[PDB]
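Below you'll find the structure, written out as structure tokens, and then a few comments.
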Amino acid sequence: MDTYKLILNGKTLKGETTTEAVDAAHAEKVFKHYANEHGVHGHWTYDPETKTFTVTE
């Protein structure tokens, strides 16, 4: 398990978390939890070179 990172860019908030997962698909399902928990919804992207998801409100 690699780690994957989430960058959340809310209008007024900024969030950065990681998780260990078997692939990007598994980390994405955990990250949807974190983003919904923290009331930040937006457009999702994944950057394979950095194993990073960004969510921008």
Side-chain angles (χ1 to χ4, degrees):
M1 295 198 285
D2 292 311
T3 70
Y4 291 89
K5 181 183 272 156
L6 172 64
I7 296 176
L8 305 85
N9 304 117
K11 312 183 213 287
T12 51
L13 297 95
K14 154 68 178 299
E16 180 176 302
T17 189
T18 64
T19 191
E20 283 196 339
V22 316
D23 51 31
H26 286 76
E28 186 182 30
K29 284 177 169 77
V30 164
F31 284 149
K32 313 288 213 177
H33 294 149
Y34 175 97
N36 186 236
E37 267 311 309
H38 293 288
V40 172
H41 178 278
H43 181 217
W44 281 69
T45 69
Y46 183 66
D47 184 69
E49 175 197 344
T50 49
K51 294 197 174 44
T52 297
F53 291 87
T54 75
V55 182
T56 72
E57 186 174 22

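Positions are given from 1 along the sequence. When reading the values below, keep in mind they use all heavy atoms of this one structure, side chains included, and skip hydrogens, waters and symmetry mates.
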Between [X] and [Y], which heavy-atom pair has the shortest distance, and what is it?
{"X": "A27", "Y": "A21", "answer": "N-CB, 3.5 Å"}
{"X": "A35", "Y": "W44", "answer": "CB-CZ2, 3.9 Å"}
{"X": "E57", "Y": "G10", "answer": "OE1-CA, 3.0 Å"}
{"X": "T3", "Y": "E20", "answer": "CG2-CG, 3.8 Å"}

To the nearest 0.5 Å, how far apart are [atom1] in [X] and [atom2] in [Y]?
{"X": "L6", "Y": "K32", "atom1": "CG", "atom2": "NZ", "value": "10.0 Å"}
{"X": "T52", "Y": "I7", "atom1": "OG1", "atom2": "CD1", "value": "5.0 Å"}
{"X": "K51", "Y": "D23", "atom1": "NZ", "atom2": "CG", "value": "11.0 Å"}

| query | Is the shortest heavy-atom distance from the side chain of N9 to the side chain of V55 under 4.5 Å? | reply | no

| Test item: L8 and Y34 side chains (from C-beta on) under 4.5 Å apart, heavy atoms | yes

| query | In chain order, what residues pass the ring pair (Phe, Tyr, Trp, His ring centres under 6.0 Å) check against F53, with sequence neighbours excluded? | reply | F31, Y46

| note | Across all chains, not counting sequence neighbours, the ring pair (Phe, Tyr, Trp, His ring centres under 6.0 Å) partners of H41 are none

| task | I would like to know whether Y4 and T18 meet side chain to side chain contact (heavy atoms under 4.5 Å, CB included); could you show each step before the answer? | result | CA-CA 6 Å; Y4 291 89; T18 64; over 6 Å; no

| task | Return yes if some donor-acceptor pair links the side-chain N/O of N36 with the main-chain N/O of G39 below 3.5 Å, else return no. | result | no

| request: May I ask you to check whether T45 and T54 show a side-chain donor-acceptor distance below 3.5 Å? | output: yes

| Linking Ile, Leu, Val, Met, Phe, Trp and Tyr by side-chain heavy atoms under 4.5 Å, what else ends up with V22? | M1

| request: Would you please test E16 and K5 for side chain to side chain contact (heavy atoms under 4.5 Å, CB included) and show each step? | output: CA-CA 7 Å; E16 180 176 302; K5 181 183 272 156; 3.5 Å; yes

